[PDB]
């Protein structure tokens, strides 16, 4: 008898590849990674199994060249909390603001990892908010502020190379994320049809397909 | 099993308790006594009896969305526009009446946070979002288009994981569900955050031989429980 | 100056380690855990739930797609003929793939446990008749006729008396068992009753059901 | 030979960890902690302080800048017409930005709590009159007329008897609430009293006020 | 929908056949059923 494998903290607490940031030689010299628990293109399905969830999460950063080659560069990883401004450009005050935490690592150093607490004003995340956010906007043309609850925004990640003078080495930063202390709530039935958009559960009505495989008749094998 | 005489406030239903009686989430609706981080009893707790939607042989289903269903209808509907904060539970009681010579099971089930989605198409467009008249249908409700995916890529095959009650005219012709307050916040605007959406989906289609009234109604009767409001706005 | 020598495996990054790492904001107090109904702590709590078992398999094309949850049961052709049969393993693809169970097992590998299969009849109050449900263990194939099926573990099912019959699948672990449904009797239709009625099948796992190994399945996601 | 393995994340420099590091001067005893009056240990003790609420917003040019702290109250035109209104969210920009509350909130993000708004009258001792102060919750707009304003939560405020009236704002958390002041009555000015009088509004946070997330606002600094 | 709001009785046939409505008070439009 062993039922730990069927626990949530055993069902999510695995570091997945979430963010892939390109820092070439010859895009603009910085990057901003809006945190989205997707990217790891299956956790999406694994998450909408529930409606209300809550978790703390640890991020880990593996950085290298496209070669995999290791170079002595000194990076700056910066967490930009919700509401706080994102870096407008390479030398905006957003790197120095210090409210937004920063991580300074070399690549000769082992992968930098950091923990991030649960950051919603609400008691839990929602994967479904059937209705419109506080408060209701009128004036027509609009039909875009739906099923989107900005209370679930976890903030953003930004990287440098660093400035001021440009790097010499093309770099890629592999971003890994793992959940902890998970607590979900009211359970949803799992998706059956292909996704189309993020932050919206539309589907292809022209091409509806059965949930599972099918046979020719019931009486045959 | 014969007789039925139930009355509250002003409204009056006539049901019974001879088969399956009550399904709750496992938790009766209640109040709250914290720092938040009016309780009407002599008007709200009355059976709002909705409009009986018909059911043809070739129907696909219907679904209402709480609390939109009543927000523009009833004394309750009134003190929802004027107040801004909302919290309640519900005593949904779905009752269909038909002969013994009919057949066709129904699935009364409540799906909390029913975010819907329509088909992309029409003209060659790729992206679109559902109008207000499909997310907040009101008392009349809304005939869904694609049952199998609940207009949300959500298989009905697994819907029973959520609170549900079967209506099989062979055995039972009545349904009663009790729904508690379900939210990430202890209070929300009743107007722009419709919580759970009730839906009635037919699996075994209604059938009959020749000449037998092909249309049996579905009387949906519901009543709020442990309703709660706070601050209020001005009147017209 | 507490002396240490670095045991091999240093600097390594493991995607599964249950390590605790430095926090971005030590001075940050999250929104307190409020109580919300329907908290789930383990997936087994879902496997115990009556879910629909897609037995009928015909997507022709999508209008009739909803006929996947139902059986056909009529007077015709008549007695004794096989009504419907299906596999007895959730992991397999997949008339079971309708259930939450089948899908959840799709996120795992190894199974073990008993299964409940609940059938509900959806015909008139007047129509009667009896049908035979027989379970067949892994070894041995579909028994050719009811007479042979009766000998095995089986359930004689009536309509007129009861409408809900629960079949208990005793045990499964790693052909993988078979369940056959038989017209024991005719299909009686008084006078105005429809000659053909439909059946919904519900399935669920027993309380002793377990999974063991995490694994991820197949979904798609475009731009 | 104590076995250790470097859990990943070593050598990193994080701008927020509360780790303890080596001291420059180990043999040094700093100047001892003497007692100084008015010690502050938490910023909330500042948010509980009544500060001046800039409601009037007219910088014409810097000379009239002091007219931001005051209300206009005169005899004409008279009853029922709107005197003054303002928002009910410190974070928003920003008649509240005068308050200590308003600026501190510029150094944070999330708010929660009730607020006190105290009005002070500055007219003659003989002059009287009454005015209606009504709070309007987020949803719903500026009440059209006093008649509509009375129906909501409101305070009938007289002059002749008392000069300080306190308004209790029930709740704020993240339209955004409204506070409306109305000429319920005319303004009586005996004989030598000025036809026009002015009001000071004082604001502060209630004891249940809390912030949650640090953030920095806009300042500049030259050579 | 508007009629429901007033004092009303949902009456079924199949279960019960006799339902009594009580007119509260009358004394000297003049009430309606």
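Per-chain residue numbering starts at 1, and chain names A, B, C, D and E are given in the order in which the chains are listed.
Operating definition for what follows: contacts are C-beta pairs under 8 Å (C-beta built on N, C-alpha and C of every residue); 3 or more make two chains touch, one makes a residue touch a chain.
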| item | value |
| --- | --- |
| A-B against B-E, pair bridged by the larger set of C-beta contacts | A-B |
| Rounded Å distance, chain D centre to chain E centre (Cα mean) | 57 |
| Distance from chain D to chain C - Cα centre to Cα centre, in angstrom | 60 |
| Euclidean distance of C-alpha centroids - chain A vs chain C, Å | 32 |
| Euclidean distance of C-alpha centroids - chain A vs chain D, Å | 37 |
| Residues within chain C bordering two or more other chains | 10-13, 21-25, 28, 32, 34, 36-38, 46, 54, 62, 65, 68, 98, 100, 103 |
| Where chain B touches two or more other chains at once, by residue number | 37, 112, 146, 148, 155, 157-159, 161, 182, 184, 189, 191 |
| Sequence positions of chain A contacting 2 or more other chains | 52, 60, 81, 101, 110-111, 113-114, 120-124, 134-135, 186-187, 189-191, 194-196, 208, 211 |
| All touching chain pairs, where touch follows the definition stated at the start | A-B, A-C, A-D, B-C, B-D, B-E, C-D |
| Contact footprint of chain D on chain C as seen in their complex | 2-13, 17, 19, 21-29 |
| Chain D-facing residues of chain A, complex | 60, 81-84, 97-99, 101-106, 109-114, 121, 134-135 |
| Contact footprint of chain E on chain B as seen in their complex | 2-5, 10-14, 16, 47-49, 51, 73-75, 97, 139, 219, 221 |
| Chain D to chain A touching residues, read off their complex | 6, 8-16, 109-110, 138-139, 173-175, 212-216 |
| Touch list for chain A against partner chain C, complex | 1-3, 5-8, 10-11, 13-16, 38, 41-42, 44-46, 50, 52, 54, 58, 60, 62, 79, 81, 101, 110-111, 113-124, 176, 178, 183-187, 189-191, 194-196, 208-216, 218-219, 221 |
